[PDB]
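Here are the chains, one letter per residue:
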Amino acid sequence: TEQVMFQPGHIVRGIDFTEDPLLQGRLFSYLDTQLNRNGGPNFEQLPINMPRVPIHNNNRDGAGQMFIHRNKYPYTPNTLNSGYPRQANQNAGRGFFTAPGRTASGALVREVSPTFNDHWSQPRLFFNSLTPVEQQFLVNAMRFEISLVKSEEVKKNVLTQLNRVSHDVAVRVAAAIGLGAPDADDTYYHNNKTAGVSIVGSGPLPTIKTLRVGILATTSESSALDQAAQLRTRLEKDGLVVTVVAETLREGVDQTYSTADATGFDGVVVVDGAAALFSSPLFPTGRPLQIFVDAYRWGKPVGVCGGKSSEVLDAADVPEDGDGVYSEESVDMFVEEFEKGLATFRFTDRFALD
Amino acid sequence: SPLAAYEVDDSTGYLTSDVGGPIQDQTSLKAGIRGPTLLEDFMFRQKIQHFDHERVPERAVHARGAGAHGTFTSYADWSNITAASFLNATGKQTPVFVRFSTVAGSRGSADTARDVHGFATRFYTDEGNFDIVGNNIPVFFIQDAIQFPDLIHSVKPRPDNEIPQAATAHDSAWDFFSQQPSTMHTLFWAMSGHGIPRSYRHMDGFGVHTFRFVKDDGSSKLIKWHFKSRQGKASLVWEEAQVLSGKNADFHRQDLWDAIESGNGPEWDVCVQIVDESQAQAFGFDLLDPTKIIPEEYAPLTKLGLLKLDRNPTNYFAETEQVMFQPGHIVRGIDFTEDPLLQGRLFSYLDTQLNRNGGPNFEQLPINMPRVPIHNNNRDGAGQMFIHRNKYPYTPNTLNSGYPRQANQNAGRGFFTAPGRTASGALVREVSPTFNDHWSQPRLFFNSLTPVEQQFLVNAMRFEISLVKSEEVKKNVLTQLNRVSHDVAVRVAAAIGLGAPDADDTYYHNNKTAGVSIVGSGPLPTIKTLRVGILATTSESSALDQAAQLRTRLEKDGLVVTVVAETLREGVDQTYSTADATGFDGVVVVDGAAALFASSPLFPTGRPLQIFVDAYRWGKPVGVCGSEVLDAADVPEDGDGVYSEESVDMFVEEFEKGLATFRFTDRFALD
Amino acid sequence: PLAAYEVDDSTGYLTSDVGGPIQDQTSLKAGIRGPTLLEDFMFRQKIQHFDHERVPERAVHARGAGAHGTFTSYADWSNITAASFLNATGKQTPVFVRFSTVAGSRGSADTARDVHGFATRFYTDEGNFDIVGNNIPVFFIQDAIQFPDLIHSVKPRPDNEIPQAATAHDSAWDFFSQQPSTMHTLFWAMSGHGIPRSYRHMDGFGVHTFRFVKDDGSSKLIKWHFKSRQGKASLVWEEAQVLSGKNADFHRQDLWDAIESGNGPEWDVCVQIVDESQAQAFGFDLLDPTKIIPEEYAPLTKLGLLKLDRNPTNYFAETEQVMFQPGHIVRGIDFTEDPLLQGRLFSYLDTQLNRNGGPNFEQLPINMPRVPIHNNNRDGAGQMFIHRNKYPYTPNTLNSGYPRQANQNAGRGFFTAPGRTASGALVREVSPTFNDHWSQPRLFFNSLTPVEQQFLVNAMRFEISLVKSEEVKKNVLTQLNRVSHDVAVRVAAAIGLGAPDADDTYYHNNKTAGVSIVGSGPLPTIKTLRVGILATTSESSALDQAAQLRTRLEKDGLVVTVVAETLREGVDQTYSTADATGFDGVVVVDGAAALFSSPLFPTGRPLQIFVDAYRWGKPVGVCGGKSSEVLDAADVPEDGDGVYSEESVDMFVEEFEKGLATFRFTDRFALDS
Ligand code: HDD
Ligand code: HDD
Ligand SMILES: [Ca+2]
Ligand SMILES: [Ca+2]
Ligand SMILES: [Ca+2]
Ligand SMILES: [Ca+2]
Ligand SMILES: [Ca+2]
Ligand SMILES: [Ca+2]
Ligand SMILES: [Ca+2]
């Protein structure tokens, strides 16, 4: 992983470049930068960079040369090596070739094409294609970052640009930073949308295999550990990665509350035998409840398995009728509901909107 | 062998990039037929980037050199003296790689510069690579490794103008020699024919330092390594070496390449002198002092095995340029001594490979790899070629079951420091008084040379010191030479118009030692590979016939025959235009060619005669096969190593004895 | 000009690199006969530095030498170029120049037969401007992508690394004969231009067509030609071979000494100037680097004087580390679409990463400009600057929009010539306008004198006779025959092959001025030329004669060496170290006639110096009136051109100095019938 040295210059017959000025310059950079990383010119000889076919060329020497070349006439044209290696091209040897329809015409210029000048219509297309809560998250990311910019001139300049994409984005961002948004400039505004760019609107996940379920239990009650073991079996059958959390480790318990966090899970279940946990030298004050509350706040499916849910849900201020909140005595019925929640993945109704 | 696995064949196939995509490499991609080149031309940039980065730093010393593969074979089970595995059975074979070199010149400098020479040998043993990084001279200029940059700065070119290349014939070198008297012994060796060997095959190798052989029982003895040439000892003469430097800078590397290609791979007996620890100070000098030899009269040689070089490299850069020797490449059964020159070398050779290789994984280059598995916790670094499976590379571990396991005297055939070694005393930056005699052994060496050999050494010093500009440095040089020999100082002073200081007899003596003289080492044991130039003419069919008759005979005797004429044709190898006496060990004129020795647009005026005359002056066997030629060349017909016979068989017999004699030293004037 | 970076060590106590006073002569040991300690930092810092002293040699032109100097403009050239260093009469700009061979490694001989580099940096008031040129005006190949092919073929064979610094091997001639573009440069390299007498006695050429661009955006096409004020001179081959052994440093020593004696070399920096419309008007394409513009078609315009007058202080720091680039360009100059030039632009920026080991190579003192640097390049290994601007991006407001963009209309920016265009398919195709590989080699050959043509034939006979492959030799004759049937016949005779039948497609009888060395006339100055006076210590009168001659010769700026058997007052060199390659002329004092055996020099050495000097074309003579003993011994005719015999020191010197200006007496060389 550290030594893999990628290059867009690693191209094969059947593919070619375009005159995109970003791509064009990349071709130079990736060949040059491997000299810095590798400290020498023979970086294509590292095992991860080698090809899976023979190499025939007249490259030679250089620090770290691993090959012992038999051909003592490494120049073209030669007769002393019978004209090998042979040149490869469109018509012989399956050579790479530049697309033969490509042309250039005009002055040699350091000028930007005017065809590149619309910087704002597509940002607006993208923004329009997000769901309302997704638009809120984006506004909130901008509010977070721009509030940390110290320069008031830079903040004003940012609002000027945002406003060219969307007046509403500029107004909502400006509100968090105590500036006024500039007046609407509708040159690039439009209502068009495009498919396949929204995450929130992309529907339930097509698989829940590998998703992480934290089961919050206690060693105080043998019944809680029994509940957690039953749930583990049922969830693991479907390819979920189960972590049982308790105060201390023992058989069947994977993690202590001290090392556990809601960020380690895609869904969190409390077994009702553990309801009393919801102070100790074994974990920070309020840690078990905090895991559940964080999971809920961050939109994850959460639930209580075993039949008695009010104590836990009330302590967490989680409504018992909420979308992505589960409560069942039956382990089978609990898991069937909870798995639908894992596929939904995020319950976006839990986030406030402007 | 790692070398076989990494060989790349390009005798067939279409050109590809380094990632296997078929490409072309002859025309740049352009915007139009007469347009500018495009940045998107990856074929151009990968090829030119490689070219732009082909070079690596030359070695800091011994930059100029050449290498070959071979085998070492043990003569016996040497367990009685060393635990070394490569020495543990009669007939045991270990692959080797040897690099020979000069010292001061940069990588494109002449092989035939006057210099100390390197002789570095890697034994790819079944218990790890073992390197003996030696020289062709058994003693070194300095007594402490910390002085190495001082020595090397002084002998390398002056740093304002980078003049002169590959030469000690300048003020700074002689300033250092005259201020640092330890240099006297090696200086005398370098000023002898040992500074200008006939070939890498006609020189010996020496480890220089005292080392230890260590037995499995922990006992140790002190040793010196001496690789004794089976080709004999031979030198150039100075004027010949100078001409050679211009006519063929690659003379020694070519000689080695050719000897191997012809099935005449050079051999050495790998020998040691072996003495007890109690004899460290018993011979009148300190065995820790790298400026001293053990005279053979005090400790004879034991022959351990045969070193033969018999395969040339496939790619010079990959093998010869990239081989990275280290005295730190040691194996169980050998140990260091407290020689302060050796001690500091251990640091330098591990460090310097970072400069050459540009990264820390230089032991992964095929030429540096061992021939046994590697088990250690070294990880990462630029150019990492391994994919290590052990995810717990720390000791002590349980998560990898304690592997790799520690190796030591009692486990895993570990290296161990000789257990009788001790240290005692203050922590000091002081030179042992036992190192203080800098002059007796140079005098021993000088005494052991033949009269003409002494003359050559005096003449080498006359040559170099006359080029020193500073009057003060020249006077300081005479002061030091005088402490070795008053006669040497007098004779050198005569050339430079200075007066030698009065005799100072403190270190004078008349003792001699065997095995250090080239001239006195007798005729060569073989003449195979030696070069015979036959000077002929295309103008007489008889001349070409005579040359062909000589060739047939000489070639069956293993000689390399070059027939020279005005122009090339069947049977003629070389034109007079490209021929020179430095290209031959013996020269024969066929009598049909006499007229050439009396103008042509095909060669420089007087070239045929100059070849014969130069060969004569430089002491080579010379002859005419078939009076007029000898008269023109002012060569006396009755001279030793001058042949004149009409009978080809008689001529060949006599001339071949001349080749073994190699140099006819009576042709040189003596003081 | 680099005074600010100099470090003086003429006084003081030894210190570490961090200023702690230390010693460096004895290692720290556990007892007086003990092992060395790892805690010896004095040892390790000194040896680590030594261990890392070397850097990769240049990929080509590894062997070379440099000097500092000044360029002075002859005029205000604003009417043809916006270049600031050319914008006023008398305007001075510091320069550094490096000269070199091409193929040999470091430590190879100066007097190898090769193309030579002539690279000039102008440290201008609007940036460093480099002209990275050679002593031959045309290049072997027509596309930069072929450079590794050319260079691999001429450099040593890669199995054994033989031969050093020479084209005289199979691979080089295989390439030349398979790639006919090489013929023009090949003919130049096989002439005396392959073995110049000194760096001071060769010219410099940019090779490529470049553009001069006015501030109004208009452009003209130019070729750079640096014309030596010392004259043109070559060695002869046999002399060059001996010199390679006797003094590998010959050219660098010649340059060093000329500067130290106050005889710093000079060149007129010139251009040929032609219109854009004349790109194909001269019967070849100006984008083709294998072609010259004959001077009959476009005369030289003299722009200013280049003088080298100061040697470096530290060779490594200055000469070894100077990193030239044709990408070091300034406003008023632009590139052309020469496909050789085009690819060079990439190579020289990239290769400095190999040499320097990091990206901050422009910070080395010798590479720094003499004006301020304002840009957003940050970090990298070896970063010496401490940048104050904490907003190094454009566009910015937090640094008030600085640095500002420079362009044609603001800030004196570089700008591409605005009339330049491109049109057509994106192609890896050679222009058919490049296809005539043989006419100009013929033009060059036709322009040489008869003895010069013989020398070129003889160089080819020498090299091709060393090619082992009979197929390669035949292929070489095929190519040579397309330039000249007579060249092919004469070369073939030495190698025992037949020349192919004449193919007259490209034969012609046209000639051009300014390319012959032999025909360039006597040298305009003899200052710095070397006179060896062969004397003896046996006769006090011989030493007296030598002293009188020395005084009279030194008066005229000649470098005099008195040679005798042994050194003393007035004698510079012994016979043992003396060689004819050390002199441009040789004089024997008649008091030394008896020398013409001893343990002090090789048998026949004194006579051999005189004979070699004669045979290599040098002025030779005997001063004093008694000349027959010496001349007869040397087989030198008293009445020969460039042979002098006079009793009068004054008269001898007058005649001899005319011979030094003639430089070579070419009637001593045999010609093919
Ligand atoms: C303290 C520094 C130092 C000292 C005292 C010596 N050397 Fe060394 N030697 C080096 C530092 C070094 C080096 C700078 O580390 C080199 C340059 C390339 C290399 O691998 O090591 C080297 C190269 C080198 C080579 C070339 C190996 C090859 O062919 O690649 C030989 C043969 C020797 N040395 C031999 C000797 C001998 C016989 C010495 C004294 C007995 C000696 N050196 C002292
Ligand atoms: C595409 C590769 C390429 C091509 C086609 C050329 N060169 Fe080059 N040249 C290099 C790649 C290079 C290089 C590898 O980049 C060097 C090695 C050291 C350096 O700085 O650049 C170099 C060095 C170099 C030097 C040595 C500069 C110095 O003294 O440090 C000179 C004088 C030239 N070249 C001159 C030429 C001329 C006159 C050329 C044809 C008109 C030419 N080169 C074509
Ligand atoms: Ca193509
Ligand atoms: Ca010096
Ligand atoms: Ca000798
Ligand atoms: Ca070759
Ligand atoms: Ca000439
Ligand atoms: Ca590096
Ligand atoms: Ca522009």
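1. Description of the interface of chain B and chain C
The figure often quoted for interface size is the accessible area lost as the parts come together. Contacts between the two partners involve 126 residues from chain B and, on the opposite side, 126 residues from chain C. In this structure, the connection of chain B to chain C is made through 13 salt bridges. Between B:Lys47 and C:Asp149 there is a salt bridge, with the nearest N and O atoms lying 2.7 Å from each other. In terms of residue count, the dominant contributor to the side of chain B that touches chain C is helix α9 (residues 340-357) of chain B (9 residues). Here the side of chain B that touches chain C is built from residues that sort into 47 nonpolar, 46 polar and 33 charged. In the sheet, strand β2 (residues 30-31) of chain B pairs with strand β12 (residues 421-427) of chain C via 2 bridges, with the strands oriented antiparallel. The residue of β12(C) that forms the bridge with B:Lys30 is C:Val427.

2. Notes on the interface of chain C and chain A
Taken together, the contacts link 30 residues of chain C with 27 residues of chain A. Considering only the side of chain C, the residues that lose the most area to chain A are C:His152, C:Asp174 and C:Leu426, jointly responsible for 23% of the buried surface there. The interface formed by chain C and chain A includes 0 salt bridges. In this assembly, chain C and chain A are joined by 11 residue pairs in polar contact. Every element with two or more residues in the side of chain C that touches chain A is listed here: α2 (147-154), α3 (170-178), α8 (339-356), β12 and α11 (470-483) of chain C. Counting residues per element, the side of chain C that touches chain A draws most heavily on β12(C), at 6 residues. Each residue belonging to the side of chain C that touches chain A can be placed in one class, and the counts come to 9 nonpolar, 12 polar and 9 charged.

3. Here's the deal with the environment of A:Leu249
Residues and elements named next belong to chain A. Along the chain, the position of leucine 249 falls in the loop between β4 (241-246) and β5 (255-256). Under the relative-accessibility criterion, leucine 249 is labelled exposed at 52%. A C-alpha to C-alpha distance of 8.8 Å links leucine 249 and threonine 219, two positions 30 residues apart in sequence. If we ignore the near neighbours within four places in the chain, the residues touching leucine 249 are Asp254, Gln255 and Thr256.

4. Concerning the site of ligand 1
Close to ligand 1 lie 25 residues, the nearest being B:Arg59, B:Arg99, B:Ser348, B:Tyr349 and B:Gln353. Surrounding ligand 1 are residues belonging to chains B and C, so the site spans chains. Note that an oxygen atom of ligand 1 is positioned 2.8 Å from one of the side-chain N or O atoms of B:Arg59. In this structure, B:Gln353 approaches ligand 1 through a side-chain N or O atom, which is 3.0 Å from an oxygen atom. Elements with a minimum of two residues in the shell around ligand 1: β5 (118-125), β6 (128-135) and α9 of chain B together with α1 (41-51) of chain C. Counting residues per element, the shell around ligand 1 draws most heavily on α9(B), which supplies 7 residues.

5. Re the domain arrangement of chain A
Residues and elements named next belong to chain A. You can read the domains of chain A as domain 1 (109-207) and domain 2 (208-354). For domain 1 versus domain 2, the separation of C-alpha centres amounts to 37 Å. A buried area of about 860 Å², summed over both sides, lies between domain 1 and domain 2, and 63% of it is on carbon and sulfur atoms. Between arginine 172 and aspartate 354 there is a salt bridge, and its shortest N-O distance comes to 2.8 Å. The interface formed by domain 1 and domain 2 includes 5 residue pairs in polar contact. Sort the elements by how many residues they give to the side of domain 1 that touches domain 2 and helix α3 (residues 132-146) lands first, with 6 residues.

6. Quick look at the sheet that holds β2(B)
Read across the sheet, 3 strands follow the order β2(A)-β12(C)-β2(B) without closing on themselves; strand pairing throughout is antiparallel. Each having just a single partner strand, β2 (103-107) of chain A together with β2 of chain B make up the two edges of the open sheet.

7. Comments concerning α1(C)
All names here are of chain C. Of all the residues in α1, the buried ones are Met42, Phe43, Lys46, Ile47, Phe50 and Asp51. All buried residues of α1 fall inside an arc of 150° around its axis, so they share one side. Between the side-chain oxygen of the N-cap and the backbone nitrogen of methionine 42 there are 3.1 Å, and the N-cap of α1 in question is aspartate 40.

8. Notes on the site of ligand 2
Surveying the vicinity of ligand 2 reveals 25 residues, the closest of which are C:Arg58, C:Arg98, C:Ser347, C:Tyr348 and C:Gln352. The environment around ligand 2 is built from residues contributed by chains B and C. In this structure, an oxygen atom belonging to ligand 2 sits 2.8 Å away from a side-chain N or O atom of C:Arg58. Between ligand 2 and C:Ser347 there is a distance of 2.9 Å, counted from an oxygen atom to a side-chain nitrogen or oxygen. If you list the elements that add at least two residues to the shell around ligand 2, you get α2 (42-52) of chain B together with β4 (117-124), β5 (127-134) and α8 of chain C. Sort the elements by how many residues they give to the shell around ligand 2 and α8(C) lands first, with 7 residues.

9. Considering the domain arrangement of chain C
Residue and element names in this part refer to chain C. What the domain assignment reports for chain C is domain 1 (1-426), domain 2 (427-525) and domain 3 (526-673). Its C-alpha centre places domain 2 at a distance of 37 Å from the equivalent point of domain 3. Contact residues are listed per partner, giving 11 residues for domain 2 and 12 residues for domain 3. The junction of domain 2 with domain 3 conceals about 870 Å² of combined surface from both sides, 62% of it contributed by carbon and sulfur atoms. Put simply, domain 2 and domain 3 have 2 salt bridges between them. The salt bridge partner of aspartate 672 is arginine 490, with a shortest N-O separation of 2.9 Å. Applying the counting criterion to the domain 2 and domain 3 interface returns 5 residue pairs in polar contact. Sort the elements by how many residues they give to the side of domain 2 that touches domain 3 and helix α10 (residues 450-464) lands first, with 6 residues.

Procedures and definitions
Residues numbered from 1 in each chain as written, not as in the entry; some residues may be left out. Chains lettered and ligands numbered in written order. Part of a larger assembly, values for the part shown. Heavy atoms only, no water. Residues with missing side-chain atoms left out of burial classes, pairs and counts. Contact = heavy atoms within 4.5 Å. Salt bridge = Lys/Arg side-chain N within 4 Å of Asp/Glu carboxyl O. Helix = DSSP H or I, 4+ residues; strand = E, 2+ residues; numbered from the N terminus. Nonpolar A, V, L, I, M, F, W, Y, C, P; charged D, E, K, R; others polar. Pairing = 2+ DSSP bridges. Buried area = accessible area lost by both parts, 1.4 Å probe. Polar contact = N/O pair within 3.5 Å; in protein donor to acceptor, adjacent residues only side chain to side chain. Buried < 20%, exposed > 50% of the residue type's maximum accessible area, 1.4 Å probe, protein only. Near = heavy atom within 4 Å. Domains from an automatic or database assignment. Arc of directions from axis to C-beta.

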